[PDB]
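Heavy-atom basis, side chains included; hydrogens, waters and symmetry copies ignored. Within every chain, numbering begins at 1; the chains are lettered A, B, ... in the order of the sequence lines, protein sequences first and strands thereafter.
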Amino acid sequence: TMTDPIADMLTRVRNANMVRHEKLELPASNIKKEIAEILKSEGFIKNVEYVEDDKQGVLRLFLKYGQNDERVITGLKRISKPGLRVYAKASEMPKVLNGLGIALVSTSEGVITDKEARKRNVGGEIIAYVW
Amino acid sequence: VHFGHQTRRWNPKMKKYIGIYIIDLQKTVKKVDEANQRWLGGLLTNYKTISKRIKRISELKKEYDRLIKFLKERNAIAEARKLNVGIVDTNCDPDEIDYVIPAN
Amino acid sequence: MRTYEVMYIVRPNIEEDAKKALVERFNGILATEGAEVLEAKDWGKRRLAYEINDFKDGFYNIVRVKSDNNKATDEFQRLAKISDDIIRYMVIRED
Amino acid sequence: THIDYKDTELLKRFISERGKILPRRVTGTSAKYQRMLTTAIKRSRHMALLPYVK
Amino acid sequence: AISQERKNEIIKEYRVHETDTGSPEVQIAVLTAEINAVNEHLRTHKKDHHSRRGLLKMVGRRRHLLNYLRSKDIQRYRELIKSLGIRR
RNA sequence: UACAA
RNA sequence: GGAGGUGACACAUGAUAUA
RNA sequence: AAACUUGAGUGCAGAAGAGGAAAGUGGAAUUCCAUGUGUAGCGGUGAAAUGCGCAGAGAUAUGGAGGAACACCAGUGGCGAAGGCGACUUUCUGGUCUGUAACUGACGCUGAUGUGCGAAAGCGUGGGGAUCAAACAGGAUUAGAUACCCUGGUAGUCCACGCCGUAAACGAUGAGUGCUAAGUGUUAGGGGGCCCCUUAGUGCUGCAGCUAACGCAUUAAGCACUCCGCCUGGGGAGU
Ligand SMILES: [Mg+2]
Ligand SMILES: [Mg+2]
Ligand SMILES: [Mg+2]
Ligand SMILES: [Mg+2]
Ligand SMILES: [Mg+2]
Ligand SMILES: [Mg+2]
Ligand SMILES: [Mg+2]
Ligand SMILES: [Mg+2]
Ligand SMILES: [Mg+2]
Ligand SMILES: [Mg+2]
Ligand SMILES: [Mg+2]
Ligand SMILES: [Mg+2]
Ligand SMILES: [Mg+2]
């Protein structure tokens, strides 16, 4: 059955991005909402809408493509996994693509990026790399 | 000029441009402003050789009769798409046309 | 709970007045143990599509039963086997 | 409708001149109808209503 | 194995409230009657391996429902255990 | 070709 | 045109590398 | 700790099926037996011969015995976890699919050890014995022919109950879950106006992607997460 809803979200984005879809819908959760907003804030996706329903909510994402239909998102990668959880300290926060990408980190001050985690001197669970 | 090919063969990339399928007459008009014999392999990519036959045509009767007649279009696009405008029906690929006219 | 559609064939050379001796009896057997007969029928002489026991015709008989135990139709099938008057039979669950 | 093995006149239409069951690609019957047809014909053959081989 | 009339008898007896057909007690009770009936079938049909595979699935489903009931409210679980002829 | 027989 | 199912007398042998 | 209903189960309403076990009924054919007609070969092969036949064969007609298997239907059709399952009838019984949204409220997935099922051959006990047929015999072929071909023929092939536990047991593709162009057949349903939409199977073609290539491609060999099994040059040796 479903074991990693976050990796399912990152893969839904990867598959939709591969075929250059305009948008995609997925069932919602709090961390998936916060992951999506960071992608919006960092400029990887266009917009996030939340659609309420009886079951668990729906997240609508809008993908971004530049001139000549070049993909803004190049890749997504799940780092921490149910089979093997990955944690890091602020002093060992990984840089993604030499700083040209981002790492999503779940810290005790919420879900933030790696550049901000070093700024706040907090570590936590490395959710995913986006570049 | 806006009735395309049958549904059982329509390419999926013409959905925006599209019983049988009817072309987007409204979209073709805005696109039209933005825009007989066999095609020899290497007409454009082998001009270093075709021009010799073009020159030899300008300069025997059996050759000229076929040469005059000579000098579906997938050969031509490759000779141009590899070098880095045309009517594009539903069955035709739109992703390889710089100025696609979605008219039948 | 169940309805059956018993059919059987009686040999064609039988004496006429002896035929009611078994049809009443075989229907009687088809009614013991809570087996209310819904309907009895009697088709006429029919030309069998092929020879059965070197016979060419037979008396087709249809009996419809309403039981919930099927031991009534088991008794019919047991009796029809050893009776030389009946030459072919079949029980069918209608529903 | 449910095909009855007693209805020999309906059944004869689906057998051939040697008493063989006709393929459905020939008679145009559907798949579920042909299955009901086959059971009724085999039942009717047993009760001598239809021949096995004529 | 069991009729709709016998199933509805069992549902009426073991339901934890009216219009309840999905509680563990209802499911375990119905599974118990079905398991007993197939065991009756398999006593004279010892060679019916295919039916016995289906019985083994019922036993596994009953055991899982019992485990869930035990870990959620042991009082309901132990009252159901005596009601049926079930050990553990 | 150098061998083997 | 290309696939998948279906069906359909006798004749032995020739060393090693290098070729 | 407390809620939730989407996952997973239950209920209700429909439907399809060679799914399994047991017991009955039937038609064709093979073999054998008897009887009637009837006479010189039948059979078999590349060609032959062995073999059967004038003591009456083979052929033909009728009848009987017996075992085994179920033409047509029959279809990349159906069912089953796999092995497998095909005449019909009854009895007992397993699973799946569709619709609904009564109900329970994460009760799930995978699964070492374990425990079961598991083609065929084979083994034990006892039955049965038509056909076919290892071994074997004879006849051919051949330089030889422990073969291929022919005439026979035992185990076995069949049943019951035990055992055996292996196959190219194969899609040579572990299970679960989700996501990712289309086109077109087919099986079982549902909804709406023969067509359109939609479930679940089963096929073909074909993008993106993947691949060493062949190819795979919503039934992935694509993109992901979980669990299990397995691999680490060939031979020796599955010894
Ligand atoms: Mg039902
Ligand atoms: Mg079903
Ligand atoms: Mg499991
Ligand atoms: Mg194991
Ligand atoms: Mg065997
Ligand atoms: Mg032989
Ligand atoms: Mg034996
Ligand atoms: Mg056995
Ligand atoms: Mg293997
Ligand atoms: Mg898989
Ligand atoms: Mg998948
Ligand atoms: Mg393909
Ligand atoms: Mg499909």
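Not a single donor-acceptor contact under 3.5 angstrom links the side-chain atoms of D:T38 to the base of H:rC73. Taking 3.5 Å as the limit, the base of H:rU10 and the side chain of E:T21 contain a donor-acceptor pair of atoms between them. A donor N or O paired with an acceptor N or O is not found under 3.5 Å between the base of H:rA16 and the side-chain atoms of D:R35. Taking 3.5 Å as the limit, the base of H:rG80 and the side chain of E:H49 contain no donor-acceptor pair of atoms between them. The base of H:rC223 lies close enough to the side chain of A:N15 for a donor and an acceptor atom to sit less than 3.5 Å apart.
Nucleotide H:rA21 is matched to H:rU91 when pairs are restricted to Watson-Crick or G-U wobble geometry with both distances under 3.5 angstrom.
Pairing status of H:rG122 against H:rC163: a Watson-Crick or G-U wobble pair, both distances under 3.5 Å. Using the rule of two distances under 3.5 Å, H:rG114 and H:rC216 do not count as a Watson-Crick or G-U wobble pair. H:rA182 and H:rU110 are not base-paired, meeting neither the Watson-Crick nor the G-U wobble geometry with both donor-acceptor distances under 3.5 Å. With both atom-pair distances required to fall under 3.5 Å, no Watson-Crick or G-U wobble pair links H:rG203 to H:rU177.
On the P atoms, H:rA134 is 13 Å away from H:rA155, given to the nearest whole Å.
D:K42 and D:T38 share no side-chain donor-acceptor pair at under 3.5 Å. Defined by atom type and a distance below 3.5 Å, a donor-acceptor pair is missing between the side-chain atoms of E:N39 and E:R43.
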Atom pairs, N/O to N/O, protein against nucleotides 70-72 of chain H, distance under 3.5 Å?
| residue | atom | partner | partner atom | Å |
| --- | --- | --- | --- | --- |
| H:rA71 | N6 | D:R45 | NH2 | 3.4 |
| H:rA71 | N6 | D:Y52 | O | 3.3 |
| H:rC72 | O2' | D:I21 | N | 3.4 |
| H:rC72 | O2' | D:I21 | O | 2.6 |
| H:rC72 | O2 | D:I21 | N | 3.2 |
| H:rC72 | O2 | D:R45 | NH2 | 3.0 |
| H:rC72 | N3 | D:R45 | NH1 | 3.2 |

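Looking at RNA chain F, no stem turns up: there is no run of 3 or more consecutive Watson-Crick or G-U wobble pairs with key distances under 3.5 Å.
Near RNA chain H, meaning a heavy atom under 4.0 Å away, the residues from residues 55-67 of chain A are A:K55, A:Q56.
OP1 or OP2 of H:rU91 lies within a sub-4.0 Å distance of a side-chain N or O belonging to C:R2. Contact annotation: D:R43 side-chain N/O to H:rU89 OP1/OP2 distance is under 4.0 Å.
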Practice item. Mind running salt bridge (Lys or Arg N to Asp or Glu O under 4.0 Å) on C:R47 and C:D57 for me, showing each step along the way? Key: CA-CA 5 Å; C:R47 174 64 37 123; C:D57 310 68; 3.4 Å; yes
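With RNA chain H read from its 5' end, the first of the two nearest nucleotides for D:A31 and E:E18 is the one closest to E:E18. When each of A:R12 and D:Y33 is assigned the nucleotide of RNA chain H bearing its nearest heavy atom, the one mapping closer to the 5' terminus is A:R12.
At the heavy-atom level, D:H46 lies under 4.0 Å from the strands shown only through sugar-phosphate atoms. Contacts of E:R53 with the nucleic acid, taken as non-hydrogen atoms under 4.0 Å apart, include base atoms.
Taking atom CG of residue E:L31 and atom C1' of nucleotide H:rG9, one finds them 10 Å apart after rounding to whole Å.
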